[PDB]
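Before any questions on how it binds or moves, here is one chain, the form deposited in one PDB entry, in structure tokens.
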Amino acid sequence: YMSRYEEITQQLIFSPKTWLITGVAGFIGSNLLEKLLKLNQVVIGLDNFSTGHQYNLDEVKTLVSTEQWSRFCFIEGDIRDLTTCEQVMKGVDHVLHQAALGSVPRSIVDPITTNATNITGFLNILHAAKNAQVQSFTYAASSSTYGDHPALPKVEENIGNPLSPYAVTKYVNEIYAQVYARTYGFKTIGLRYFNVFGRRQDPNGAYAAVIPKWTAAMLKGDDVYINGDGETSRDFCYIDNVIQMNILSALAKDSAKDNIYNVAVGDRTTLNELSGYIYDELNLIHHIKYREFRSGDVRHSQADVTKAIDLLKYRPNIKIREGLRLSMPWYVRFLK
């Protein structure tokens, strides 16, 4: 049971609010959309369809009622444009900021456009929210910001040298949010996501994440490549745990704001054992090569989620094996 999360969702159903989700047509954003509409929230969505898709919006339309879909206003637009940010902020109570161009290799190859979307666009959105006096502000940050700190598990207070432009941009979101608390009284929550996965995570394109990438390949019968020796390890985190942490953050008591939380489950899986689990799960639904290390890439990752457990009553419920089992049916339909 996710008991605090249950309570807060009950509050929201009784007294519905207006939410802004940026990055709404993406993986996490469209999952957030799905959950908030199922709670009868009024949602304003902003996306530029850079890495996101019209079809993710279509899918969510089919998963919620007509009345629930009638409360969603989608705005095609770009967080880089301050005017657009100010416009979509109007009457908003809660901000969930997911719009960014992710990927560590992407930041290395084009630190410029990435800087514009992940720093300028984050600040545009943070400033507009402040000026609009929204009730809350929760933004996607990154475990990549631990960088080369060798300690396991990772605790929020202790970060190393950033190994990529992506690590920098997400770090800078954190520092702007802390300064906004200091200088305007404007209190936010940054969510350091660790390797999120699940439905509507894009399997296609040069930057696809390992889980949908591999699922896609295992299904096609293609080669499954491993960047390095496969001992590189991660805390894979099923999207529902992320959806919990956003909603808990949006309604956090004030003393729990102006903080950073790890968002994960606390487990460590190497690339090797994941190759296993994925094959296993897909094969129950009836259907290997080493290359060099990926540069900028973090070696090992396991979160410590005590802080979120403590301060927000976060209850991570779905672990890597069940999450894969929950996701593979989606990948089949989508890729059939």
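So that there is no doubt, residue numbering starts at 1 and follows the sequence shown. Between two forms, the rigid core is defined as the largest C-alpha subset superposing within 1.5 Å.
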- Message: Please classify the coordinate gap between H287 and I288 in terms of deposited residues: none, 1 to 3, 4 to 9, or 10 or more.
- Response: 4 to 9
- Message: Highest mean C-alpha temperature factor of the two stretches 243 to 251 and 208 to 216, which is it?
- Response: 208 to 216
- Given the B-factors recorded for C-alpha atoms, which segment has the greater mean, 92 to 100 or 227 to 235? 227 to 235
- From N40, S275, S30, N48, residue of greatest CA B-factor: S275
- Task: Tell me, please, which of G121, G77, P111, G221 has the highest C-alpha B factor according to the deposited entry?
- Result: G221
- Relative to the other modelled residues in the chain, which third contains the C-alpha temperature factor of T138: lowest, middle or highest? lowest
- Message: Using the temperature factors of the C-alpha atoms in this entry, rank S15 within its chain: lowest, middle or highest third.
- Response: middle
- Task: Taking the values exactly as deposited, rank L311 by C-alpha B-factor within its chain and report the matching third: lowest, middle or highest.
- Result: middle
- For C73, the third of its chain by CA B-factor is the middle
- Item | Third assignment of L57 from its chain's C-alpha B-factors | middle
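Below: the form deposited in another entry, not depicted.
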- Picking from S50, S65, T306, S295, which residue has its CA shift by 2 Å or more between the shown form and the other one, once the rigid core of the two forms is superposed? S295
